[PDB]
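Novice: Sequence order for the protein chains is V and L.
Here full-length UniProt numbering is used: the first residue of the first sequence is 4, the next is one more, and so on.
Here full-length UniProt numbering is used: the first residue of the second sequence is 4, the next is one more, and so on.
From the three backbone atoms N, C-alpha and C, an ideal C-beta is built for every residue, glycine too.
Sharing a structure here in structure tokens format.
2 protein chains.
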Amino acid sequence: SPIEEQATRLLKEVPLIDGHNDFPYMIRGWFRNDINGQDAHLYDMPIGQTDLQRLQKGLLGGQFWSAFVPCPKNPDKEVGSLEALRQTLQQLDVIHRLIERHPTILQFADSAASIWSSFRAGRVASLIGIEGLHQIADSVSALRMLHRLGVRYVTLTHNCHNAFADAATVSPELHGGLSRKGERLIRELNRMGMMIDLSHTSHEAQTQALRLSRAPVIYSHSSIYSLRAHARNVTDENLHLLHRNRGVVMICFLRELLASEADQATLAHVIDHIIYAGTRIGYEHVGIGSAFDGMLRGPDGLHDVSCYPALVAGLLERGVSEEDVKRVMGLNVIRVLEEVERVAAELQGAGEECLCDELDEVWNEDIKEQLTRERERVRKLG
Amino acid sequence: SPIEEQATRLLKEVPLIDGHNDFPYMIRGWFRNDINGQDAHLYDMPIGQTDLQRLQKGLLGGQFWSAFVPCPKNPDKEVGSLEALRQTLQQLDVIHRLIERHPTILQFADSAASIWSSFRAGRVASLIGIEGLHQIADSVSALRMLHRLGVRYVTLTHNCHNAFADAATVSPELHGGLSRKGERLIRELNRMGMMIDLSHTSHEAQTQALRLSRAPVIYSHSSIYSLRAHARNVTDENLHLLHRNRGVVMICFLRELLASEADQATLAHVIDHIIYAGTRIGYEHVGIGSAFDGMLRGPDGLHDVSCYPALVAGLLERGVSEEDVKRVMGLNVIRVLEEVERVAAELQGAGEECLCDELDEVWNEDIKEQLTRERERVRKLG
Ligand SMILES: [Fe+3]
Ligand SMILES: [Fe+3]
Ligand SMILES: [Fe+3]
Ligand SMILES: [Fe+3]
Numbered sequence: 004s005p006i007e008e009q010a011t012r013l014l015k016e017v018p019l020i021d022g023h024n025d026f027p028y029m030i031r032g033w034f035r036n037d038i039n040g041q042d043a044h045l046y047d048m049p050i051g052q053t054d055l056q057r058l059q060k061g062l063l064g065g066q067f068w069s070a071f072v073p074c075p076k077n078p079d080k081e082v083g084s085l086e087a088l089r090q091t092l093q094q095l096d097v098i099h100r101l102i103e104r105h106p107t108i109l110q111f112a113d114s115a116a117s118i119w120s121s122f123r124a125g126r127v128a129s130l131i132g133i134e135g136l137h138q139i140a141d142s143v144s145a146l147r148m149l150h151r152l153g154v155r156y157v158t159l160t161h162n163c164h165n166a167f168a169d170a171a172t173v174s175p176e177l178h179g180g181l182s183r184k185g186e187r188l189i190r191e192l193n194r195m196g197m198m199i200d201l202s203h204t205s206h207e208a209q210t211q212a213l214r215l216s217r218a219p220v221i222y223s224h225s226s227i228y229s230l231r232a233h234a235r236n237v238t239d240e241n242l243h244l245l246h247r248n249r250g251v252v253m254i255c256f257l258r259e260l261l262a263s264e265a266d267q268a269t270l271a272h273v274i275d276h277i278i279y280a281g282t283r284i285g286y287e288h289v290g291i292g293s294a295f296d297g298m299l300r301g302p303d304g305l306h307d308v309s310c311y312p313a314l315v316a317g318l319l320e321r322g323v324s325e326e327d328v329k330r331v332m333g334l335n336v337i338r339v340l341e342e343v344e345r346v347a348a349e350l351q352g353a354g355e356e357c358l359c360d361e362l363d364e365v366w367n368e369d370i371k372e373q374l375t376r377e378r379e380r381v382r383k384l385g
Numbered sequence: 004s005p006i007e008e009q010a011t012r013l014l015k016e017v018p019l020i021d022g023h024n025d026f027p028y029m030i031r032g033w034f035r036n037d038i039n040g041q042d043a044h045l046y047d048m049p050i051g052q053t054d055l056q057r058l059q060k061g062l063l064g065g066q067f068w069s070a071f072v073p074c075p076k077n078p079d080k081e082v083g084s085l086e087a088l089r090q091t092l093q094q095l096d097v098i099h100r101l102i103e104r105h106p107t108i109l110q111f112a113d114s115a116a117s118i119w120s121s122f123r124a125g126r127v128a129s130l131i132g133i134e135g136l137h138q139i140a141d142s143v144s145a146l147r148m149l150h151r152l153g154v155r156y157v158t159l160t161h162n163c164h165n166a167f168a169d170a171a172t173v174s175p176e177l178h179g180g181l182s183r184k185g186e187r188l189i190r191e192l193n194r195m196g197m198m199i200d201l202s203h204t205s206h207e208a209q210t211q212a213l214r215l216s217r218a219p220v221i222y223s224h225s226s227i228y229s230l231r232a233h234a235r236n237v238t239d240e241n242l243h244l245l246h247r248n249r250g251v252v253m254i255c256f257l258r259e260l261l262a263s264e265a266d267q268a269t270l271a272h273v274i275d276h277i278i279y280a281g282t283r284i285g286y287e288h289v290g291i292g293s294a295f296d297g298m299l300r301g302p303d304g305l306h307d308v309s310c311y312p313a314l315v316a317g318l319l320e321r322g323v324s325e326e327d328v329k330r331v332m333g334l335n336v337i338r339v340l341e342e343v344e345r346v347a348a349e350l351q352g353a354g355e356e357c358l359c360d361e362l363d364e365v366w367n368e369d370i371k372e373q374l375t376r377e378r379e380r381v382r383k384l385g
């Protein structure tokens, strides 16, 4: 087939960079993050939509691997979020060990340049995102350390409200979009060079963040409200604000977001959604956000990570130009990451003040007097 | 003075690398880790034994900055250790921001090579240690992430027992040295290339770790039991085991560890302790571990970080050779870090199994059957 040869050539020329894959949580589910002597199973998994053989077979160029942990179910919500932070480090650790152990297939990447050098070496550029601010345990310090561990996007919520923003699937609303803390955090995310992810957040939270952010954002895995009404899909109002933001909506493979009858969802629906967004807000603002392994079963023709050539072929068959297909494959999300880096270097370069955690005083006034008195004794020595 | 000119030349030729400084906890105490617009105060502090001006004045070559947090005082010891992990990330964050904000004075280092290139650039090589395994919240995954954030040594305890080892200052003993978990952790610390620190640990814990470790260890800030009996000082038995281990005892400036009458402790006592150890186990196994800012007041002649030239001068005056002084200044701790790297590359190269956290099952048996059945449906597609 000439269209399938074309698709393969495109997958060789530029990377397909997928916005969301929960393979790391499948590794927690199945192996409990103990992958010692499990290579054969990592290449050919007994469960799930991802493994190292099928990953190569789909000619995928890059992947934001999700370091998701569930919303905390502890009745003490302080201890729940603290437990989530620890679980987040467990997920980042298994992601890093997965990459370190299979260096011929996976190569860690945290930038536009490192995506490209990984792709030129024939490897799947392996980036990291966290799926909810419940994972940082109310600590902006923790967030910056997650960034330093390779986290490059932060989904603001999962399916739970947090101190910063409202999730889409939970009602009643807590903050009615972003909180006051949340608004401050947008600035800090821009300042540190963390990509903002608006998937799972409420329509109002999206609107507010899209107005506030000084860097482009993504939807790592969301589809299009006008084609299928769901709290998790992007309204025309927020697609418009995404255009002005210069961001990317990475179209989702979740059947519940593609069609009213989940079991009728199909490869064609994913293409319908890509083409809807590309037509209306431009093909430079749409990408691919599978959310593979955040689902049991995928749509017909997109059952697992081996099916990406079928999506590329499908888009070309519907008259999307090579150049535009290359954009939705990967170029757009690379641009956003590039612009997120540039905005952070600009703000750090201007010497913008970083957000600091509210800490308890550890010293009483007696200790502070002891310390200042001791300092002056040292000053008076000569 | 010709001896002071000699000392200055030595401080230019090789780095003085100090084993322990709690300036980061002073920054938490005084600023609550908010150093925005505080440069003038960071250069000339109103409290403590460390600031950026006095750091330059002492001609210090490198520093392991402590990311210490207190032993958890919560009656629920699960929530206490989880809180400590979060506080650890707060301390690592302020250390990293301190270094990033003053790049002409401080340069981050995590290796022998990065110490040297920092020293050749005229900067204080800034390494990181954590002071107790209470700080990792029973998570070996967290430990590896701390390593990836730049932590290069781990003091096994502070002044509290943990799941892994016994602190010196607490009785009764919990494990009687290391626990079974603790013995396993020694292997993992060797495997990941984390330097083991035996300061604050019990005499029995030291003996066991010194027998078990396949890489050299340090005492980041301990002095010599035979000169002054204290639970925190190193016995002749453990100095012997340190020699066979090939490790380094970094001599402490804490007055309580130098003399029975704290207020009589003096620069000469620090030199007595260095010379004791260097004479008996060799000058290649002794270093400098001030523990500045883990004390209110230091000994006469070693009041703050500007006093290092006096220590170098003091050692030369007592007939310690240039070459041996250069060793205790920095060469020895650099060797240990070098050997800790080499041992880790050897064990990772042999494909040694890494230690994994004991995790809860997240999926029941119904979910696993659903997932395996779904996998076979995908296998049967063609
Ligand atoms: Fe997910
Ligand atoms: Fe999701
Ligand atoms: Fe300390
Ligand atoms: Fe200490």
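1. Run through DSSP, which three-state label would residue 3 of chain V get?
2. Would you please verify whether the beta carbon of V:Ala348 is less than 8 Å from any beta carbon of chain L?
3. In whole angstroms, give me the CA-to-CA distance for L:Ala268 and L:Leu45.
4. Going by DSSP, name the residue or residues bridged to V:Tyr222.
5. Output the boundary residues of the alpha helix (DSSP H) element that contains L:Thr91.
6. Return the CA-CA distance between L:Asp307 and L:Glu264, expressed in angstroms with no decimal places.
7. Tell me the residue span of the alpha helix (DSSP H) that contains V:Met48.
8. Is V:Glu259 near ligand 2, going by C-beta to nearest heavy atom under 7 Å?
9. Spell out a yes or no on whether the region 208-224 of chain V and the region 234-247 of chain V are touching, meaning 3 or more CB-CB pairs, one atom from each, closer than 8 Å.
10. Between the region 124-155 of chain V and chain C, which residues of the former have CB atoms less than 8 Å from a CB of the latter, in chain order?
11. Beta-carbon within less than 6 Å of L:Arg258's beta-carbon, same chain only, minus the 5 sequence neighbours each way: which residues are those?
12. Could you list the residues in the region 363-379 of chain L with a C-beta less than 7 Å from some C-beta on chain V, going in chain order?
13. Based on the DSSP secondary-structure assignment, which residues constitute the bridge partners of L:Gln110?
14. Work out the CA separation of V:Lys15 and L:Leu188 for me, nearest whole Å.
15. Specify, as a first and last residue, the run of the beta strand (DSSP E) that V:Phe67 falls within.
16. Does the distance between the C-beta of L:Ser225 and the nearest non-hydrogen atom of ligand 3 fall short of 7 Å?
17. Roughly how many angstroms separate the alpha carbons of V:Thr107 and V:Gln59, rounded to a whole number?
18. Going by the CB atoms, is the gap between L:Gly64 and L:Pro18 shorter than 8 Å?
19. Any heavy atom of ligand 1 closer than 7 Å to the beta-carbon of V:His233?
20. Answer yes or no: does any C-beta atom of chain L fall closer than 8 Å to that of V:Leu213?
21. Using a C-beta to C-beta distance shorter than 7 Å, which residues of chain V count as neighbours of L:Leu95?
22. Is L:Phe67 near ligand 3, with its Cβ less than 7 Å from a heavy atom?
23. Taking 7 Å as the cut-off, is the CB of V:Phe295 close to at least one heavy atom of ligand 1?
24. Could you work out which residues of chain L lie near V:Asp307, taking near to mean beta carbons separated by less than 7 Å?
25. Does the beta-carbon of L:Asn367 have 16 or more other beta-carbons within 10 angstroms, so that it is buried, or is it exposed?
26. Compute the Euclidean distance between the alpha carbons of V:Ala353 and L:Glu364, then round it to the nearest angstrom.
27. Got a sec, what are the start and stop residues for the beta strand (DSSP E) V:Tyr156 sits in?
28. So for L:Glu186, helix, strand or coil by DSSP?
29. Consider the Cβ of L:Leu92: report whether some Cβ of chain V lies at a distance smaller than 8 Å.
30. Would you mind giving the Cβ-Cβ distance between L:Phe34 and L:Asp296, rounded to the nearest angstrom? I have them listed as a contact below 8 Å.
31. Between the region 69-82 of chain V and chain L, which residues of the former have CB atoms less than 9 Å from a CB of the latter, in chain order?
32. Which residue from L:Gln90, L:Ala115, L:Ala70 and L:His105 puts its Cα closest to that of L:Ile133?
33. Is there a C-beta anywhere in chain V that falls below 8 Å from the one on L:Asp360?
34. Measuring alpha carbon to alpha carbon, tell me which residue in V:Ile38, V:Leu13, V:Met48 and V:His23 is nearest L:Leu374.
35. Going along chain V in order, which residues have a C-beta closer than 7 Å to the C-beta of L:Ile50?
Specialist: So, to answer that:
1. Given a span of 4 to 385 for chain V in the structure shown, any question on residue 3 of chain V remains unanswerable.
2. Taking the first residue of the first sequence as 1, we reach residue 348 of chain V at position 345. With 8 Å as the cut-off, V:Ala348 does not count as an interface residue toward chain L.
3. Position 265 of the second sequence, counted from the first residue, corresponds to residue 268 of chain L. Position 42 of the second sequence, counted from the first residue, corresponds to residue 45 of chain L. The alpha-carbon separation between L:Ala268 and L:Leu45 amounts to approximately 28 Å.
4. The count along the first sequence starts at 1 and reaches residue 222 of chain V at position 219. DSSP lists V:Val252 as partners of V:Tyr222.
5. For the purposes of this step, residue 91 of chain L is identified with residue 88 of the second sequence, where counting begins at 1. Start and end: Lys80 to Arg104.
6. Along the second sequence, one-based indexing puts residue 307 of chain L at 304. Along the second sequence, one-based indexing puts residue 264 of chain L at 261. The alpha-carbon atoms of L:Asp307 and L:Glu264 are separated by roughly 20 Å.
7. If you number the first sequence from 1, residue 48 of chain V lands on position 45. That residue, V:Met48, is in no alpha helix (DSSP H); it is neither H nor E in DSSP.
8. Taking the first sequence and counting its residues from 1, one reaches residue 259 of chain V at position 256. Judged by the Cβ position, V:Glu259 fails to qualify as a neighbour of ligand 2 at the 7 Å threshold, every heavy atom of the ligand being at least this far.
9. Counting Cβ pairs under 8 Å, three or more are found: they touch.
10. In the structure shown, chain C cannot be found, because the protein chains are V and L.
11. As a working mapping, residue 258 of chain L is identified with position 255 in the second sequence. Spatial neighbours of L:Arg258 in its own chain (CB-CB distance under 6 Å, excluding positions within 5 residues in sequence) are listed in chain order as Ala265, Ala268 and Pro302.
12. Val365, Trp366, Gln373, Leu374, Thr375, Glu377 and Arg378
13. Taking the first residue of the second sequence as position 1, residue 110 of chain L is located at position 107. Per DSSP, the beta bridge partners of L:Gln110 are L:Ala128.
14. In the second sequence, residue 188 of chain L corresponds to position 185, counting from 1. In the first sequence, residue 15 of chain V corresponds to position 12, counting from 1. One C-alpha to the other measures close to 44 Å.
15. In the first sequence, residue 67 of chain V corresponds to position 64, counting from 1. Unbroken beta strand (DSSP E) run through V:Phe67: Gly65 to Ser69.
16. Taking the first residue of the second sequence as 1, we reach residue 225 of chain L at position 222. Flag unset: Cβ of L:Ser225 not near ligand 3.
17. The residue you call residue 107 of chain V lines up with position 104 of the first sequence. The residue you call residue 59 of chain V lines up with position 56 of the first sequence. Cα to Cα, the separation comes out at about 11 Å.
18. For the purposes of this step, residue 18 of chain L is taken as the residue at position 15 of the second sequence. For the purposes of this step, residue 64 of chain L is taken as the residue at position 61 of the second sequence. Against a cut-off of 8 Å, the Cβ pair of L:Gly64 and L:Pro18 comes out as a contact.
19. For the purposes of this step, residue 233 of chain V is taken as residue 230 along the first sequence, with counting starting at 1. Using a cutoff of 7 Å, the CB of V:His233 does not count as near ligand 1, since none of the ligand's heavy atoms is closer than that.
20. Residue mapping note: residue 213 of chain V aligns to position 210 of the first sequence, counting from 1. No, V:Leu213 lies away from the interface with chain L (no Cβ there is under 8 Å from its Cβ).
21. Counting from 1 along the second sequence, the entry for residue 95 of chain L is found at position 92. The answer, in chain order, is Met148.
22. As a first step, residue 67 of chain L must be located in the second sequence, where it is residue number 64. False, no ligand heavy atom lies under 7 Å from that Cβ.
23. Along the first sequence, one-based indexing puts residue 295 of chain V at 292. No; taking the cut-off as 7 Å, the Cβ of V:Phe295 has no heavy atom of ligand 1 nearer than that.
24. Taking the first sequence and counting its residues from 1, one reaches residue 307 of chain V at position 304. Simply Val381.
25. For the purposes of this step, residue 367 of chain L is taken as residue 364 along the second sequence, with counting starting at 1. Burial call: exposed.
26. In the first sequence, residue 353 of chain V corresponds to position 350, counting from 1. In the second sequence, residue 364 of chain L corresponds to position 361, counting from 1. Going by the C-alpha atoms only, they are around 48 Å apart.
27. Sequence index remark: in the first sequence, residue 156 of chain V carries index 153 (1-based). For V:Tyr156, the uninterrupted beta strand (DSSP E) run begins and ends at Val154 to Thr158, by DSSP.
28. Your numbering for residue 186 of chain L matches position 183 in the second sequence. Note: L:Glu186 maps to helix in three-state DSSP.
29. Within the second sequence, residue 92 of chain L is the residue found at index 89, counting from 1. So yes, L:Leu92 belongs to the interface.
30. Counted from its first residue, the second sequence places residue 34 of chain L at position 31. Counted from its first residue, the second sequence places residue 296 of chain L at position 293. Between L:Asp296 and L:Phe34 the Cβ distance is about 14 Å, and since that is not below 8 Å, they are no contact.
31. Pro73, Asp79, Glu81 and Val82
32. As a first step, residue 133 of chain L must be located in the second sequence, where it is residue number 130. Cα-wise, what sits closest to L:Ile133 is L:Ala70.
33. Position 357 of the second sequence, counted from the first residue, corresponds to residue 360 of chain L. By this cut-off, L:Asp360 is an interface position.
34. Within the second sequence, numbered from 1, the residue matching residue 374 of chain L stands at position 371. Checking every option, the nearest Cα to that of L:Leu374 belongs to V:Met48.
35. The residue given as residue 50 of chain L occupies position 47 in the second sequence. Near L:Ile50 (Cβ distances below 7 Å), the residues of chain V are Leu374, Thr375 and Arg378.
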